[PDB]
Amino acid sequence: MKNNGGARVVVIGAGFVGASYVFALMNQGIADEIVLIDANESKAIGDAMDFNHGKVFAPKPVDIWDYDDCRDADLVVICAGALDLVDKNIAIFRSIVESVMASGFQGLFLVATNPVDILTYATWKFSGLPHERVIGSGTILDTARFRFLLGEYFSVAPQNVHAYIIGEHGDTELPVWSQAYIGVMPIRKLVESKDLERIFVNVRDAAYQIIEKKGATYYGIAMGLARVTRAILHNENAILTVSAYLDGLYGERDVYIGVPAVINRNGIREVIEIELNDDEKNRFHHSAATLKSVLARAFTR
């Protein structure tokens, strides 16, 4: 035919998060063609140069730098960004989707911009798209930060820690302690459990503390953001803690929010209802409610 390309990824916003994500992909042999778009076209040119000179050294991807690329483009990751935030980004966002949509996009969205659950909701309303194809970054990094600290604690690997952070990827989020294991051993390894509400405070004050000695978080997210990518593209059917549309599940009804979902090559398969505890349902409820608010408050632009 021509020169094909069955695994394409467009990043809108080639800033710290966008670029480090890209370098993630590439260094990891994940996508096939990677387009890169930025209002700051000159920054895209530079990034894309840079990426193309190291290429040879990695294992084989393509890197290009409008939206006309989003049309047989398997997925679009929006890394672009500014309640006078929620209104700024909604604003920003309102042109991004439209623009990509207006190219006859048929794929998936990966939103990672703050405030994610919200910008994720907005991306859907603006997309038209079914809510199984519009994915938030959500509490993914949170769960990693958590899994890390714990694993760190216990001396095993974060990879044997099984604990989720659910709720608003922000202040309102909560650790599901009731269901948190190391392999199959509950945290019955310590009692009070359900030193550790310590672990979770760091897990939660992490952004602030990283920003404060370095100006920003960007490596972390991209790792997380490259995981979902991997899940989507490879039909993994994996259970990542994303930013999913609540169905009526957890008994919430028109909020996007940080939840275990099953990812694979067609968006989300299904949300999971971990059997949340007493105080969790209340935490979750509060959290979902903090969002469902900003949702009706804001919007407009």
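Numbers for residues come from their place in the sequence shown, where the first is 1.
Count up the deposited residues without coordinates from residue 194 to residue 195 and drop the result into none, 1 to 3, 4 to 9, or 10 or more. Some 4 to 9 residues are missing between them.
Unmodelled deposited residues between residue 157 and residue 158: none, 1 to 3, 4 to 9, or 10 or more? In the deposited sequence, nothing is left without coordinates between these two.
Higher-B stretch (mean Cα B-factor, as the entry records it), 17 to 25 or 276 to 284: Higher mean C-alpha B-factor in the PDB entry: 276 to 284.
Mean Cα B factor from the PDB record: higher for 112 to 120, or higher for 201 to 209? Per the PDB record, 201 to 209.
Name the one of 103, 217, 127, 137 with the greatest CA B-factor according to the PDB entry. That would be 103, according to the entry.
Which of these has the highest Cα B-factor in the record: 230, 188, 147, 133? Each of 230, 188, 147, 133 was compared by C-alpha B-factor; the highest is 188.
For residue 239, the third of its chain into which the C-alpha B factor falls: CA B-factor rank for residue 239: lowest third.
Among modelled residues of the same chain, the CA temperature factor third for residue 70: Its C-alpha B-factor, which the entry lists for residue 70, ranks in the highest third among residues of this chain.
Lowest, middle or highest third: where is residue 87 by Cα B-factor in its chain? For residue 87, the deposited C-alpha B-factor lands in the highest third.
Could you look up the Cα B-factor of residue 94 in the entry and say which third of the chain it sits in: lowest, middle or highest? Residue 94: CA B-factor falls in the highest third of its chain.
Would you mind ranking residue 251 by its C-alpha B-factor against the rest of the chain and naming the third, lowest, middle or highest? For residue 251, whose C-alpha B-factor we compare with every modelled residue in the chain, the answer is the middle third.
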